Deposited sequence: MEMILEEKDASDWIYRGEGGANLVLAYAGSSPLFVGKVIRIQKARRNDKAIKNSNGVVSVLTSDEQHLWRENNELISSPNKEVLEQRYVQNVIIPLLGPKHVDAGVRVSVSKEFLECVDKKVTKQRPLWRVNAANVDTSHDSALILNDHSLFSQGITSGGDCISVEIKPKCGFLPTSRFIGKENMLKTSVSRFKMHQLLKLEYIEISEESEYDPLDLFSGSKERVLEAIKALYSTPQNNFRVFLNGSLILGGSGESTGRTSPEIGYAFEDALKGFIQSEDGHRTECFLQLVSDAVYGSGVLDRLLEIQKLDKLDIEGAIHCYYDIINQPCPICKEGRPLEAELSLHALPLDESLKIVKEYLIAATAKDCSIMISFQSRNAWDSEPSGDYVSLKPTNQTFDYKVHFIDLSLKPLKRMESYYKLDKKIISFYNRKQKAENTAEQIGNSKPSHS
């Protein structure tokens, strides 16, 4: 019911993004075995919903009357995302009461395993009385079948905008993925050391060869897009952050960690694992439905931003001294922006794919598996989406400014012919 200070020692750092700290359970309590706990951070840059937001999510009443942010996320996923992605690959999570000292002790306990820059930016909001308990998707099933190799992919946006509302100076956005353009900026801002090889357009292409190309690229330059876990412990990718190119040292360590699981010859396990992930992702069709949601961003931020100012009743600062978008009835403007924010969730979520050697003694043999040609192995697999966070309405403003910054920096770098 309530987590207490002394329970803190049973949770171990697992990872974090910009919004949450995620800890894996290491204790014995049948309650938490196979779970992770997801804990919101307080951003130092930064009651449950602004007035404009309650206006935005008016169709979803349970969601507007959430007594806290944990319940908000919980109801968002259950009532808005599920009906869109299906419930098979999604877990809304169960709330659990936490005491202030539990939070404080956890924050202090994991501090040293956290990236320095993540610590500078945010800490566990010790003013929340609740956290989220999720199933740990590095564990094959809730409640064994041997080891479990788990892969996390954060696919980003897999389509190009085609908007009538993209300015003349910015048409490159029509040609070059946002992920690719953003790479140049990050490099310029010293957030990464080398541009990623990953092309979201390949992963979402629907082509088996191109999906494998994406997976191979993810492997070489994982950044914050790719991680691999062996029974819940990280063996490739960054811990709470983006990581650098895969070096020979990293390649070897990863190759070794796969022994027994991928039953190929020493030195060849890695290529076999990459083929296995590719088959799993491609065969599950799971990316197609995600892409559909991402494409709820129909007009691009350059279009959607106009509706946003209408929704909040401010004169549009983007138009200066569109006859089209600003002539929309409140109802359509709210729809457009709400879908833009749902798309933003889909653009930033992750997929975790759990693998385990196919178990002949399952009482109902899974329909979902992949046959590895050479090794003569069959693996059952499961896919779950994670990090299906609700994006705050106010973020429409920085989405526009970030976008403007990406395209103009890219334009400038290109003009440097």
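Task: Missing CA stretches, deposited numbering from 1, N-terminus first - done: 1 to 2, 49 to 58, 156 to 157, 336 to 341, 438 to 451 are the stretches of the deposited chain that have no C-alpha coordinates in the structure.
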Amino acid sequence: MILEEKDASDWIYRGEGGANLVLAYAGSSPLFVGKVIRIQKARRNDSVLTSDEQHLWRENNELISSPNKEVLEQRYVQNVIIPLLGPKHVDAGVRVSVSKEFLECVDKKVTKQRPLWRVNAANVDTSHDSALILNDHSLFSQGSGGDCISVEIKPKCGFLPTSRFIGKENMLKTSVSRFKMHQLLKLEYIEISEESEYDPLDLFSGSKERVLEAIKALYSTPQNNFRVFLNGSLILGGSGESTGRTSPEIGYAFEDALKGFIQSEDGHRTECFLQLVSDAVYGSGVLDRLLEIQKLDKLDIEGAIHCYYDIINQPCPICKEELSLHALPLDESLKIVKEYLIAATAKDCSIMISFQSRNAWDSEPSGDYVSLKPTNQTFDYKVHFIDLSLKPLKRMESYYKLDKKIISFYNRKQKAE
From here on, numbers count along this sequence of modelled residues.
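C-alpha atoms forming the largest set that superposes within 1.5 Å between two forms make up the rigid core.
TODO: Once the rigid core is lined up, would you tell me whether 118 to 126 or 257 to 265 has the higher RMS CA deviation in 4 other deposited structures of this protein?
DONE: Checking 118 to 126 against 257 to 265 in 4 other deposited structures of this protein, I find the farther stretch is 118 to 126.
Open item on the list: Core-aligned, RMS over all structures and residues: is 5 to 13 or 391 to 399 the stretch with the greater C-alpha displacement in 4 other deposited structures of this protein?
Closed with: Greater root mean square C-alpha distance in 4 other deposited structures of this protein: 5 to 13.
Open item on the list: Could you find out if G145 - modelled in this structure - is missing from at least a third of the other PDB entries compared that contain residues on either side?
Closed with: Across the other compared entries, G145 is absent from at least a third.
Task: 204 to 212 versus 224 to 232 - which carries the larger mean C-alpha B factor in the record - done: Taking the mean B-factor of the alpha carbons in each, 204 to 212 is higher.
Open item on the list: I need to verify one thing: averaged over C-alpha atoms only, is the B-factor higher for 381 to 389 or for 353 to 361?
Closed with: According to the entry, 353 to 361 carries the higher average C-alpha B-factor.
Open item on the list: Sorting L85, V119, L187, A304 by Cα temperature factor from the record, which one lands on top?
Closed with: Comparing C-alpha B-factors across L85, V119, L187, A304, the top value belongs to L85.
TODO: Name the one of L323, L341, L290, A217 with the greatest CA B-factor according to the PDB entry.
DONE: Max CA B-factor in the entry, restricted to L323, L341, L290, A217: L323.
- [ ] Divide the modelled residues of the chain into thirds by Cα B-factor and specify which third, lowest, middle or highest, holds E255.
- [x] Lowest third - that is where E255 ends up once the chain's C-alpha B-factors are sorted.
TODO: Going by the recorded CA B-factors, say which third of the chain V151 sits in, lowest, middle or highest.
DONE: According to the entry, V151 has a C-alpha B-factor in the chain's lowest third.
Open item on the list: Lowest, middle or highest third: which one holds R269 when the chain's residues are ordered by CA B-factor from the entry?
Closed with: Middle third of the chain for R269's C-alpha B-factor.
Open item on the list: For the chain shown, is the CA B-factor of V36 in the lowest, middle or highest third of its modelled residues?
Closed with: It belongs to the lowest third of the chain when residues are ordered by C-alpha B-factor.
Task: Chain-wide C-alpha B factor ranking for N123, given as lowest, middle or highest third - done: For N123, whose C-alpha B-factor we compare with every modelled residue in the chain, the answer is the middle third.
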